[PDB]
Amino acid sequence: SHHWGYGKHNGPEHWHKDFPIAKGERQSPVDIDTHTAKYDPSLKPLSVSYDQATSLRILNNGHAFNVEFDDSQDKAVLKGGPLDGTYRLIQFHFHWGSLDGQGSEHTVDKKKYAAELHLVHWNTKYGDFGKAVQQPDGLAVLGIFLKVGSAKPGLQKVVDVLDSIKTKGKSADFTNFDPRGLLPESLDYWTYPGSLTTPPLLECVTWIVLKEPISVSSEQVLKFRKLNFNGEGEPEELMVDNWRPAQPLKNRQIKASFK
Ligand SMILES: CCOC(=O)CCc1ccc(S(N)(=O)=O)cc1
Ligand SMILES: CCOC(=O)CCc1ccc(S(N)(=O)=O)cc1
Ligand SMILES: [Zn+2]
């Protein structure tokens, strides 16, 4: 059964024993060295088209919480930038720390943010998510850093439902949530080819990491940290530090959309 996690005994340093691609050639996350990333004029404009997004449910899966979308039609898609074709939004989730000084998966010149949002999309040419994760261009994940400062108004409906999904396996209705309220003003980004950052660690992802972080309040991220990795009735293990550290860049280049 899967028993990977983020503790000492089942965390990122152990994952390779059951998921040997953990030591692969295009693992994520990575450190983004901003001086080494090169501006790429070939990049087409990035198009985040979430007008018709239809959120359904929020789930504590024992590793993070996912806000799930109806991905049965092109209702919420990502296109442009480095991407060929159309990528459909299926879910978003976060990674965060025990303290404000850590939590992000990607780093920027070795700087760790308090958290990182992942909007996960699959390439519609492959028909379903499960087929998409058999392809090197199957997925696109839009990554957004969170820093602690002013509250993010569009995040509060997420924060407020977390009390209802404290433990692993719980879910709640989560309709009519607009993910556009989680974006920063600018869509300036870095991009590189990588992987899922959790097991199974599949090398299918075009990463698009926005340069501009969003600000969330301390009270908002503190409510993340009250979630549990454990199931109901089990000894409490706070859901914190559910991030993988940066992995070797190997034979990759990170491209910037901006000067
Ligand atoms: C009771 C403590 O139990 C353990 O330490 C967990 C065993 C265990 C450790 C790591 C993994 S992995 N390679 O999927 O990350 C699987 C199972
Ligand atoms: C083969 C089935 O695999 C899955 O369900 C993967 C789910 C999954 C989606 C996205 C990510 S992340 N942090 O890289 O955005 C990790 C894991
Ligand atoms: Zn993630």
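The first residue you see is number 1, and the count goes up from there.
Each residue, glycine too, has its Cβ placed from N, Cα and C.
Same-chain residues at least 6 positions away in sequence with a Cβ under 8 Å from that of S1 (N-acetylserine) are not found in this chain. The annotation N-acetylserine is assigned in Swiss-Prot to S1 on the grounds of experimental evidence.
The phosphoserine annotation in Swiss-Prot covers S1 (among others). A coil conformation is recorded for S1 (N-acetylserine) in the three-state DSSP classification, outside any helix or strand.
According to Swiss-Prot, the feature domain 'Alpha-carbonic anhydrase' maps to 2-258, an assignment based on sequence analysis.
Sequence annotations record features per position, and here Swiss-Prot assigns active site, proton donor/acceptor to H63 based on a curator's inference. Around the Cβ of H63 (active site, proton donor/acceptor), the number of neighbouring Cβ atoms within 10 Å comes to 18.
Per Swiss-Prot, Zn(2+) binding site is recorded for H93, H95, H118. Cβ neighbour count for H95 (Zn(2+) binding site) (all protein chains, 10 Å cutoff from its Cβ): 26. Classification of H95 (Zn(2+) binding site) by DSSP places it within a strand.
The feature phosphoserine is assigned by Swiss-Prot to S164 (among others), with a large-scale study or a structure entry given as support. In the three-state DSSP scheme, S164 (phosphoserine) falls into the helix class.
Annotation note: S171 (phosphoserine) sits in a strand segment as assigned by DSSP. Around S171 (phosphoserine), the same-chain residues six or more apart in sequence whose CB sits under 8 Å from its CB are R57, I58, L59, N60, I165, listed in sequence order. According to Swiss-Prot, the feature phosphoserine maps to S171 (among others), an assignment based on a large-scale study or a structure entry.
Here Swiss-Prot flags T197, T198 as substrate binding site, drawing on experimental evidence. Cβ contacts within 10 Å of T197 (substrate binding site), excluding its own Cβ and spanning all protein chains shown: 23. When secondary structure is read from DSSP and collapsed to three states, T197 (substrate binding site) falls in the coil class.
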Inquiry  = List, in residue order, those recorded positions out of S1, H63, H95, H118, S164, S171 with a Cβ under 6 Å from any atom belonging to ligand 2.
reply    = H118
Task = Enter the number of other CB atoms within 10 angstroms of the CB of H118 (Zn(2+) binding site).
result = 22
Nonlocal residues around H93 (Zn(2+) binding site), in sequence order (Cβ under 8 Å, 6 or more apart) = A64, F65, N66, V67, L117, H118, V120
Request  = Quick one: give me the count of other CB atoms within 10 A of the CB of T198 (substrate binding site).
outcome  = 23
